[PDB]
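*Asks:* Right, I'll just put the structure down here and ask away after.
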Amino acid sequence: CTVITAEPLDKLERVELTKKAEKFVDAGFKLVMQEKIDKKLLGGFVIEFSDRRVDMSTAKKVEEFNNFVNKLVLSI
Amino acid sequence: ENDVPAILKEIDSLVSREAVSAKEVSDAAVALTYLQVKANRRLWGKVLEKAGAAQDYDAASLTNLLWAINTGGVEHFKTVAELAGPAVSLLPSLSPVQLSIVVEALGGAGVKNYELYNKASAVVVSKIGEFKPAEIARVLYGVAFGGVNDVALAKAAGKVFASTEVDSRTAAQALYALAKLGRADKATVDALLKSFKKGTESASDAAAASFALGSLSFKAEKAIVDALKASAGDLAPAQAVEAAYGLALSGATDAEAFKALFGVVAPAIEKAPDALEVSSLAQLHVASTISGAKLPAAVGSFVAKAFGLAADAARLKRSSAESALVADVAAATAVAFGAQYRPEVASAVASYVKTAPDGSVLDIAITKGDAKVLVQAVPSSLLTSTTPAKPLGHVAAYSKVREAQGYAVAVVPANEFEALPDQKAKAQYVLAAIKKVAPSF
Amino acid sequence: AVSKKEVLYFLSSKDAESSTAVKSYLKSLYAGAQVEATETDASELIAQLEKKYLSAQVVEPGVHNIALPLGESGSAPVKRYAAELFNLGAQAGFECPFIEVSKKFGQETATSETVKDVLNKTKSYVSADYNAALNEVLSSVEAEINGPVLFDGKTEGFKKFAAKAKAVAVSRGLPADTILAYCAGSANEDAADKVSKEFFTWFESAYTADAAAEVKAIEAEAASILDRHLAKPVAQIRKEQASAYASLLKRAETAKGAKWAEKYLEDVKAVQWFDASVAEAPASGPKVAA
Amino acid sequence: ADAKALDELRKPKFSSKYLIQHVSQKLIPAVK
Amino acid sequence: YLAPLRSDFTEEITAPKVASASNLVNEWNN
Amino acid sequence: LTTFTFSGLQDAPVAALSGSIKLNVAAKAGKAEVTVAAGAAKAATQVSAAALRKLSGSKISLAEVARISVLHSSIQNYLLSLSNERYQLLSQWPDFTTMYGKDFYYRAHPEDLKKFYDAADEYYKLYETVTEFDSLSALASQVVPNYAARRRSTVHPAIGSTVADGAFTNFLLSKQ
């Protein structure tokens with residue numbers, strides 16, 4: 001696995017992140033983690049399994065929010 | 001031999017022509033002030049239209065025109081601010097009495113002209129003994145309400161306030177100016193309090209001096225309180241409520257004084273509830289909770305709602321550095337009561353955001369069972385400008401009006417909060433500030 | 001009526017139809033009716049979006065009550081217009097515009113690594129006549145560094161860049177020293193009084209150049225529209241303006257039930273009544289009930 | 001009829017304010 | 001006299017694009 | 001104005017500067033007698049120093065009763081003041097009705113007489129379109145909406161080029 005965050009993890013942030021990322025293995029596998037720091041995330045977490053990615057970071061949340069706001073104002 | 005509607009029709013047909021000069025519109029405005037014709041507005045509008053319409057201006061016509069616009073109390077920001085062209089261009093050609101009148105009248109309407117205030121403040125500080133102290137109080141009123149935080153004129157004013165006795169009008173205007181500036185300079189306030197000895201010739205000067213020492217939060221003098229309770233018929237609702245707000249903030253327990261001031265405004269508010277801005281209704285609710293002066297029953301709950309509207313209004317228009325301050329102080333609060341990892345901090349700060357009983361939204365409100373503590377942030381606008389760097393009276397008012405709602409408010413100023421380098425330090429600072437005022441938590 | 005998060009904006013605004021609705025709201029408050037509780041939710045994106053779409057509702061009645069100083073003599077009419085726009089900005093919730101666009105640069109360049117990212121992601125919020133003068137000095141310092149100038153401030157290359165960016169900044173006409181010393185603050189206020197004086201006299205010069213540039217653009221646009229209008233015969237002008245007015249009236253009559261079309265036809269009735277009131281008494285203008 | 005008021009006449013008439021209010025009222029309940 | 005009501009937010013802070021003062025007055029003098 | 005004014009019967013104006021209305025104060029320590037002379041009417045009033053302090057209690061709050069708005073009235077005002085600049089140079093057109101006679105006809109070349117007649121009709125077209133003063137009330141309504149969209153910004157109404165340059169330099173030359 002590979003977990004990406006804006007800052008290094010706190011040790012409780014790590015266990016909450018481990019519990020939220022072990023939901024995404026479709027088996028009884030004991031997947032490991034690899035933390036990396038990219039500053040262009042504004043908080044949140046990206047899980048890079050190299051087979052399935054979940055972009056819950058707020059960079060994509062604010063981008064998706066801006067795209068949704070723009071998709072409503074051209075209709076209203 | 002005295003007939004006012006004929007002379008009003010005269011002044012209406014006076015400036016209804018095409019080519020009114022400066023002297024005709026200036027003396028028309030002065031003549032409208034000297035008859036007290038606030039009842040009629042369209043003739044005033046003709047006067048202001050021709051005042052903004054003329055182009056020539058010598059010194060005395062503009063001085064009389066802005067004096068009349070001030071004393072008559074017309075507010076029309078476009079035509080008043082368009083007088084600043086000749087007010088700038090004639091500035092050494094104005095006498096010091098003319099200069100004080102013009103800078104005071106442009107300051108009173110809030111004309112944002114930094115060139116005029118710089119080139120008036122340099123004329124003050126470069127020739128100070130040329131000016132009477134009332135002239136300096138007028139220029140200080142003008143440069144203070146004109147949105148200039150000038151300290152050189154304030155110290156040169158405080159010198160003349162320290163040397164020579166001034167009229168209570170002059171001291172009242174200057175205290176109102178320093179309360180707009182937010183200096184709380186004690187070494188000048190103690191001098192300017194010594195002009196309230198013979199009793200003031202007006203009620204507006206005593207009322208604005210009381211609001212001045214409320215917004216600076218010094219002390220009631222018991223002379224201005226006596227001159228206010230003995231002259232409270234000569235105050236507008238926006239003036240009398242501001243006087244009661246300054247009286248409660250200066251810690252007055254004279255209930256006949258607050259009763260005589262609310263006897264002005266409770267029939268006024270019961271006449272038209274919607275005439276006054278909600279800032280003054282919140283100030284009335286502050287004066288009615290701090291001194292405990294009771295109001296009629298349809299007034300008390302209504303201004304209790306109005307204070308909640310005003311608090312949420314100042315919250316929604318938070319100046320975005322204060323919102324950073326509320327975020328940082330609430331983080332320090334959530335750390336000091338125990339949350340070491342950052343999602344714990346985020347959940348606690350997101351749960352510290354309860355509502356007050358009057359509908360308003362409290363930023364940092366903790367409940368340990370039955371008692372409630374409030375953490376308050378005093379960012380920069382509610383501070384003073386002097387090196388003690390203390391809060392003003394509005395946040396002490398907020399602490400007193402929330403402490404009547406079952407809360408124990410701990411004030412965290414930002415002059416002291418921003419010295420600490422680490423979050424454990426700010427956590428200990430906010431925990432010491434809470435544990436001083438509500439130590440049971 | 002309102003949803004009560006509108007009405008906290010309209011308390012301090014001195015516009016007319018905001019004042020009438022908020023006075024009716026205070027009248028309903030007086031008769032034993034309670035306030036609605038403010039929803040203490042709607043996380044930061046919804047907060048900024050609702051702030052942005054409710055500050056428009058205070059600037060847009062406020063712009064049309066601000067009279068332009070078109071073709072006036074002197075400087076102080078532009079100062080009236082720009083001071084009234086600053087007052088509109090302070091009543092619509094925005095801060096002093098200098099710190100507002102500095103806040104926008106803090107919002108846009110929170111996570112930039114190099115100065116080239118700064119000059120990229122803030123190109124639209126700065127003048128291109130200055131942005132080209134910064135991109136040339138960026139290339140000049142980039143040639144000597146032979147690496148991207150990282151956005152730290154501890155760097156020697158960033159210091160050599162900033163010593164010439166201050167040079168081009170004072171070359172544009174703004175004294176960068178007093179601006180940096182004003183926003184950077186001083187301890188003793190008697191020594192900061194003169195730098196506040198210099199910053200404010202530059203800033204007054206700057207916002208007068210801003211408002212006067214907008215006034216020069218409106219002067220030239222009105223001159224160009226008139227110079228295209230005086231080439232037409234009156235037959236084309238009459239049928240053209242009547243057709244465009246009838247087309248917009250049909251467009252605002254195609255919408256029913258929406259508030260804006262209803263208020264549109266209401267103000268059309270208002271201007272028809274104003275023509276009737278100027279026709280009834282041409283010496284006094286409109287009839288205003290006093 | 002005639003001589004409406006004063007506060008009815010200070011309103012700037014063909015400003016927007018209501019296209020924006022309609023956009024906000026059909027945006028924010030649709031974006032929350 | 002009525003305008004098309006636009007509700008759009010100008011994001012870019014730019015110079016206001018001054019037009020050219022047209023040649024109608026020189027044409028009328030011609 | 002503010003809630004408090006600090007002027008009245010103290011460094012007050014004493015006389016009038018015009019002859020169209022004459023003003024003579026008699027200001028004593030307690031009261032004041034202003035006998036103002038204005039046309040065929042005249043008034044001699046009585047005000048004290050604390051009687052002028054009751055003036056600025058209830059404020060006037062002037063406003064501008066306009067047809068569409070104050071903004072659109074100002075743009076229409078500028079369009080009328082430009083149409084005056086054009087009309088003043090249609091005021092200096094030479095008279096041709098002194099040359100409508102048939103004596104100037106038959107001495108004139110046919111092409112040049114035709115061009116003179118077309119020039120006269122061109123003047124009548126210019127003068128009929130430069131005094132269509134009811135069209136300016138809609139002609140200014142095309143200048144408004146781009147201006148209203150340029151004040152309705154996401155940052156500030158009165159923001160522009162040089163203030164953004166000053167804050168860009170202040171943002172860049174600080175430590176990152």
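Chain identifiers are assigned as A, B, and so on, following the order in which chains appear in the structure tokens; residues are numbered from 1 within each chain, and ligands are numbered from 1 in order of appearance.
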Would you write out, as a Markdown table, a table of all residues in chain D that have an atom no more than 12 Å from an atom of chain A, listing for each the closest atom pair and the distance in Å to one decimal, considering only C-alpha atoms and ordering rows by chain and rising residue number?

*Replies:*
| residue | atom | partner | partner_atom | distance |
| --- | --- | --- | --- | --- |
| D:19 | CA | A:76 | CA | 9.4 |
| D:20 | CA | A:76 | CA | 9.9 |
| D:21 | CA | A:76 | CA | 11.3 |
| D:22 | CA | A:76 | CA | 8.6 |
| D:23 | CA | A:76 | CA | 6.2 |
| D:24 | CA | A:76 | CA | 9.5 |
| D:25 | CA | A:76 | CA | 10.3 |
| D:26 | CA | A:76 | CA | 7.5 |
| D:27 | CA | A:72 | CA | 7.0 |
| D:28 | CA | A:69 | CA | 9.6 |
| D:29 | CA | A:72 | CA | 11.7 |
| D:30 | CA | A:72 | CA | 8.7 |
| D:31 | CA | A:69 | CA | 7.7 |
| D:32 | CA | A:65 | CA | 10.8 |

*Asks:* Would you give me, as a ChimeraX atom specification, the residues in chain E that DSSP reads as alpha helix (DSSP H)?

*Replies:* /E:24-29

*Asks:* Could you tell me which of E:3, E:16, E:25, E:8 comes closest to chain A if we count only C-alpha atoms?

*Replies:* E:8

*Asks:* Up to 6 Å from chain C, what residues of chain E turn up? Count only C-alpha atoms and give them as a ChimeraX atom specification.

*Replies:* /E:12-13,16,18-19,21-22,24

*Asks:* Suppose we keep N, CA and C atoms; can you now write the selection as an mmCIF file, in the first residue's frame?

*Replies:*
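Output below, filename out13.cif:
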data_model
loop_
_atom_site.group_PDB
_atom_site.id
_atom_site.type_symbol
_atom_site.label_atom_id
_atom_site.label_comp_id
_atom_site.auth_asym_id
_atom_site.auth_seq_id
_atom_site.Cartn_x
_atom_site.Cartn_y
_atom_site.Cartn_z
ATOM 1 N N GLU E 12 -10.645 37.865 -12.648
ATOM 2 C CA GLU E 12 -9.360 38.466 -12.962
ATOM 3 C C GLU E 12 -9.354 39.941 -12.600
ATOM 4 N N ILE E 13 -8.259 40.390 -12.009
ATOM 5 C CA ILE E 13 -8.050 41.800 -11.705
ATOM 6 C C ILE E 13 -7.205 42.350 -12.848
ATOM 7 N N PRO E 16 -8.947 48.053 -17.338
ATOM 8 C CA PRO E 16 -10.348 47.985 -17.754
ATOM 9 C C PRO E 16 -10.595 48.127 -19.244
ATOM 10 N N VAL E 18 -9.512 50.333 -21.979
ATOM 11 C CA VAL E 18 -9.948 51.610 -22.529
ATOM 12 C C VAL E 18 -10.097 51.499 -24.040
ATOM 13 N N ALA E 19 -11.194 52.037 -24.555
ATOM 14 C CA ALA E 19 -11.426 51.997 -25.984
ATOM 15 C C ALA E 19 -10.704 53.159 -26.660
ATOM 16 N N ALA E 21 -10.901 56.632 -28.604
ATOM 17 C CA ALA E 21 -11.782 57.775 -28.802
ATOM 18 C C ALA E 21 -11.981 57.984 -30.293
ATOM 19 N N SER E 22 -13.213 57.784 -30.753
ATOM 20 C CA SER E 22 -13.483 57.533 -32.158
ATOM 21 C C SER E 22 -13.345 58.803 -32.988
ATOM 22 N N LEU E 24 -15.486 60.375 -34.907
ATOM 23 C CA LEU E 24 -16.723 61.018 -35.320
ATOM 24 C C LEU E 24 -16.579 62.530 -35.391
#

*Asks:* Any idea what the distance is between atom CA of residue B:7 and atom CA of residue F:65?

*Replies:* 25.6 Å

*Asks:* What are the closest atom pairs, with distances in Å to one decimal, for each residue of chain E lying within 12 Å of chain A, using only C-alpha atoms, rows by chain and rising residue number, as a tab-separated table?

*Replies:*
residue	atom	partner	partner_atom	distance
E:6	CA	A:76	CA	12.0
E:7	CA	A:73	CA	9.6
E:8	CA	A:73	CA	9.1
E:9	CA	A:73	CA	11.1

*Asks:* Could the residues in this selection be saved with N, CA and C atoms as a tab-separated table (two decimals), in the first residue's frame?

*Replies:*
chain	number	residue	atom	x	y	z
E	6	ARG	N	-26.99	40.43	-15.77
E	6	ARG	CA	-25.93	39.45	-15.72
E	6	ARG	C	-25.55	39.21	-14.27
E	7	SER	N	-25.36	37.95	-13.90
E	7	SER	CA	-24.90	37.58	-12.56
E	7	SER	C	-23.67	36.71	-12.72
E	8	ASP	N	-22.52	37.34	-12.92
E	8	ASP	CA	-21.27	36.63	-13.08
E	8	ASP	C	-20.19	37.41	-12.36
E	9	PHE	N	-19.18	36.69	-11.90
E	9	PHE	CA	-18.21	37.23	-10.97
E	9	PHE	C	-16.88	37.35	-11.67

*Asks:* What residues in chain B lie within 8 Å of chain A, counting only C-alpha atoms, written as number ranges by chain?

*Replies:* B: 341-343

*Asks:* Restricted to N, CA, C and O atoms, what would the selected residues look like written as a PDB file, in the first residue's frame?

*Replies:*
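Saved file again-v7.pdb follows:
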ATOM      1  N   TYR B 341      -3.706  14.289  19.709  1.00  0.00           N
ATOM      2  CA  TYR B 341      -3.591  13.983  18.297  1.00  0.00           C
ATOM      3  C   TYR B 341      -4.591  14.823  17.521  1.00  0.00           C
ATOM      4  O   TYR B 341      -5.631  15.218  18.049  1.00  0.00           O
ATOM      5  N   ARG B 342      -4.257  15.109  16.266  1.00  0.00           N
ATOM      6  CA  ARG B 342      -4.980  16.138  15.521  1.00  0.00           C
ATOM      7  C   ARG B 342      -6.436  15.826  15.150  1.00  0.00           C
ATOM      8  O   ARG B 342      -7.223  16.787  15.075  1.00  0.00           O
ATOM      9  N   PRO B 343      -6.870  14.583  14.885  1.00  0.00           N
ATOM     10  CA  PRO B 343      -8.319  14.375  14.737  1.00  0.00           C
ATOM     11  C   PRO B 343      -9.106  14.592  16.014  1.00  0.00           C
ATOM     12  O   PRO B 343     -10.269  15.012  15.938  1.00  0.00           O
TER      13      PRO B 343
END

*Asks:* What's the separation between atom CA of residue B:110 and atom CA of residue B:145, in Å to one decimal place?

*Replies:* 6.1 Å

*Asks:* Just the strand (DSSP E or B) stuff from chain A, please, per backbone DSSP, written as a PyMOL selection string.

*Replies:* chain A and resi 3-5+35-37+46-48+53-55

*Asks:* Between atom CA of residue B:27 and atom CA of residue B:109, measure the distance and give it in Å to one decimal.

*Replies:*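 Atom-to-atom, atom CA of residue B:27 and atom CA of residue B:109 are spaced 20.4 Å apart.
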
*Asks:* Show me, as a PyMOL selection string, the residues that have an atom within 8 Å of residue B:29 when counting only C-alpha atoms, minus same-chain residues fewer than 5 positions from it.

*Replies:* chain B and resi 44+47+65+68-69

*Asks:* Restrict the selected residues to N, CA, C and O atoms and save them as an mmCIF file, in the first residue's frame.

*Replies:*
data_model
loop_
_atom_site.group_PDB
_atom_site.id
_atom_site.type_symbol
_atom_site.label_atom_id
_atom_site.label_comp_id
_atom_site.auth_asym_id
_atom_site.auth_seq_id
_atom_site.Cartn_x
_atom_site.Cartn_y
_atom_site.Cartn_z
ATOM 1 N N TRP B 44 -33.704 71.412 1.739
ATOM 2 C CA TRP B 44 -32.352 70.996 2.084
ATOM 3 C C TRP B 44 -31.685 70.285 0.926
ATOM 4 O O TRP B 44 -30.483 70.445 0.695
ATOM 5 N N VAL B 47 -30.511 72.752 -1.533
ATOM 6 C CA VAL B 47 -29.297 73.376 -1.017
ATOM 7 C C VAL B 47 -28.085 72.486 -1.256
ATOM 8 O O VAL B 47 -27.045 72.948 -1.739
ATOM 9 N N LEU B 65 -20.332 76.684 4.467
ATOM 10 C CA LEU B 65 -21.137 75.625 3.886
ATOM 11 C C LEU B 65 -20.941 74.322 4.633
ATOM 12 O O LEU B 65 -21.911 73.630 4.960
ATOM 13 N N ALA B 68 -22.487 74.510 8.023
ATOM 14 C CA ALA B 68 -23.929 74.348 8.005
ATOM 15 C C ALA B 68 -24.326 72.914 7.719
ATOM 16 O O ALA B 68 -25.315 72.427 8.268
ATOM 17 N N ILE B 69 -23.560 72.221 6.882
ATOM 18 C CA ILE B 69 -23.825 70.814 6.621
ATOM 19 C C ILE B 69 -23.591 69.991 7.883
ATOM 20 O O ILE B 69 -24.358 69.070 8.195
#

*Asks:* Name the residues in contact with stretch 120-125 of chain F at a cut-off of 9 Å, using only C-alpha atoms, excluding same-chain residues fewer than 6 positions from it; report them as a PyMOL selection string.

*Replies:* (chain C and resi 232-234) or (chain F and resi 90+93+96)

*Asks:* Within 8 Å of chain F, which residues of chain B show up? Give each one with its shortest atom-to-atom distance in Å (one decimal) and the two atoms involved, counting only C-alpha atoms, rows by chain then rising residue number, as a Markdown table.

*Replies:*
| residue | atom | partner | partner_atom | distance |
| --- | --- | --- | --- | --- |
| B:1 | CA | F:42 | CA | 6.7 |
| B:2 | CA | F:43 | CA | 4.5 |
| B:3 | CA | F:43 | CA | 5.9 |
| B:4 | CA | F:43 | CA | 6.4 |
| B:6 | CA | F:41 | CA | 6.0 |
| B:7 | CA | F:41 | CA | 5.5 |
| B:10 | CA | F:38 | CA | 6.7 |
| B:11 | CA | F:38 | CA | 7.6 |
| B:14 | CA | F:20 | CA | 7.7 |
| B:23 | CA | F:18 | CA | 5.3 |
| B:24 | CA | F:18 | CA | 5.6 |
| B:27 | CA | F:16 | CA | 5.7 |
| B:28 | CA | F:21 | CA | 7.5 |
| B:30 | CA | F:13 | CA | 7.7 |
| B:31 | CA | F:23 | CA | 7.3 |
| B:34 | CA | F:34 | CA | 7.1 |
| B:35 | CA | F:45 | CA | 6.9 |
| B:36 | CA | F:55 | CA | 6.6 |
| B:38 | CA | F:60 | CA | 7.1 |
| B:41 | CA | F:60 | CA | 7.3 |
| B:45 | CA | F:62 | CA | 7.0 |
| B:61 | CA | F:17 | CA | 7.3 |
| B:64 | CA | F:13 | CA | 6.2 |
| B:67 | CA | F:7 | CA | 7.7 |
| B:70 | CA | F:5 | CA | 7.2 |
| B:71 | CA | F:7 | CA | 5.9 |
| B:72 | CA | F:56 | CA | 5.8 |
| B:73 | CA | F:56 | CA | 4.4 |
| B:74 | CA | F:60 | CA | 5.0 |
| B:75 | CA | F:61 | CA | 5.3 |
| B:76 | CA | F:62 | CA | 5.5 |
| B:97 | CA | F:11 | CA | 7.3 |
| B:108 | CA | F:1 | CA | 5.3 |
| B:109 | CA | F:1 | CA | 4.4 |
| B:110 | CA | F:1 | CA | 7.2 |
| B:169 | CA | F:6 | CA | 7.1 |
| B:173 | CA | F:6 | CA | 6.3 |
| B:201 | CA | F:50 | CA | 6.6 |
| B:202 | CA | F:50 | CA | 5.2 |
| B:203 | CA | F:50 | CA | 7.9 |
| B:204 | CA | F:4 | CA | 6.8 |
| B:205 | CA | F:6 | CA | 7.4 |
| B:208 | CA | F:4 | CA | 6.6 |
| B:234 | CA | F:54 | CA | 6.5 |
| B:235 | CA | F:57 | CA | 7.0 |
| B:236 | CA | F:57 | CA | 5.0 |
| B:238 | CA | F:3 | CA | 6.4 |
| B:239 | CA | F:3 | CA | 6.1 |

*Asks:* Which chain C residues have any atom within 6 Å of an atom of chain B, and for each, what is the nearest pair of atoms with distance in Å to one decimal, counting only C-alpha atoms, rows sorted by chain and number, as CSV?

*Replies:*
residue,atom,partner,partner_atom,distance
C:8,CA,B:313,CA,4.8
C:23,CA,B:274,CA,5.2
C:30,CA,B:302,CA,5.6
C:37,CA,B:359,CA,5.2
C:76,CA,B:85,CA,5.0
C:77,CA,B:82,CA,5.6
C:80,CA,B:81,CA,5.5
C:83,CA,B:112,CA,5.6
C:93,CA,B:317,CA,5.1

*Asks:* Hey, can you spit out that residue selection with N, CA and C atoms as a short mmCIF file (atom, residue, chain, number, x, y, z; two decimals), in the first residue's frame?

*Replies:*
data_model
loop_
_atom_site.label_atom_id
_atom_site.label_comp_id
_atom_site.auth_asym_id
_atom_site.auth_seq_id
_atom_site.Cartn_x
_atom_site.Cartn_y
_atom_site.Cartn_z
N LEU C 8 -28.37 38.74 8.31
CA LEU C 8 -27.25 39.23 9.10
C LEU C 8 -26.32 40.07 8.26
N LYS C 23 -36.29 46.23 8.03
CA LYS C 23 -37.18 46.92 8.96
C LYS C 23 -38.48 46.16 9.12
N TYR C 30 -40.75 42.31 16.68
CA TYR C 30 -41.31 43.00 17.84
C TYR C 30 -42.59 42.35 18.35
N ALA C 37 -32.56 29.98 14.53
CA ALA C 37 -31.22 29.65 14.97
C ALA C 37 -30.28 29.55 13.78
N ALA C 76 -10.73 65.09 -6.45
CA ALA C 76 -11.67 64.73 -5.39
C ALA C 76 -13.01 64.11 -5.80
N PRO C 77 -13.55 64.32 -7.01
CA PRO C 77 -14.66 63.46 -7.43
C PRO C 77 -14.28 61.99 -7.55
N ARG C 80 -14.27 60.74 -4.14
CA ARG C 80 -15.61 60.44 -3.67
C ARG C 80 -16.06 59.07 -4.14
N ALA C 83 -13.92 56.35 -2.40
CA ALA C 83 -14.25 56.21 -0.99
C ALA C 83 -15.61 55.57 -0.81
N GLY C 93 -19.01 43.13 3.63
CA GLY C 93 -18.27 42.10 4.32
C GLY C 93 -16.82 41.98 3.93
#

*Asks:* So that I can see what lies close to residue D:12, please list as number ranges by chain the residues with an atom at most 10 Å from it, counting only C-alpha atoms and leaving out residues fewer than 2 positions away in the same chain.

*Replies:* C: 15-17, 60-66, 267; D: 8-10, 14-16; F: 64-72

*Asks:* Find the residues of chain A that sit at most 8 Å from chain C; for each, write down the nearest two atoms and how far apart they are in Å, to one decimal. Count only C-alpha atoms. Sort by chain, then by number going up, and give it as JSON lines.

*Replies:*
{"residue": "A:39", "atom": "CA", "partner": "C:111", "partner_atom": "CA", "distance": 6.5}
{"residue": "A:40", "atom": "CA", "partner": "C:111", "partner_atom": "CA", "distance": 6.1}
{"residue": "A:62", "atom": "CA", "partner": "C:45", "partner_atom": "CA", "distance": 7.4}
{"residue": "A:65", "atom": "CA", "partner": "C:45", "partner_atom": "CA", "distance": 7.9}

*Asks:* Those residues you just picked out, can you put them in a file as a JSON list (two decimals), in the first residue's frame with C-alpha atoms?

*Replies:*
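File written: selection.json
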[["chain", "number", "residue", "atom", "x", "y", "z"],
["A", 39, "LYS", "CA", 2.39, 19.11, -0.13],
["A", 40, "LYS", "CA", -0.16, 19.65, -2.92],
["A", 62, "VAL", "CA", -12.14, 21.37, -3.48],
["A", 65, "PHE", "CA", -16.58, 21.17, -5.44]]

*Asks:* Between F:82, F:107, F:92, F:133, which is the closest to chain C once you count only C-alpha atoms?

*Replies:*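 Result for the nearest residue to chain C: F:82.
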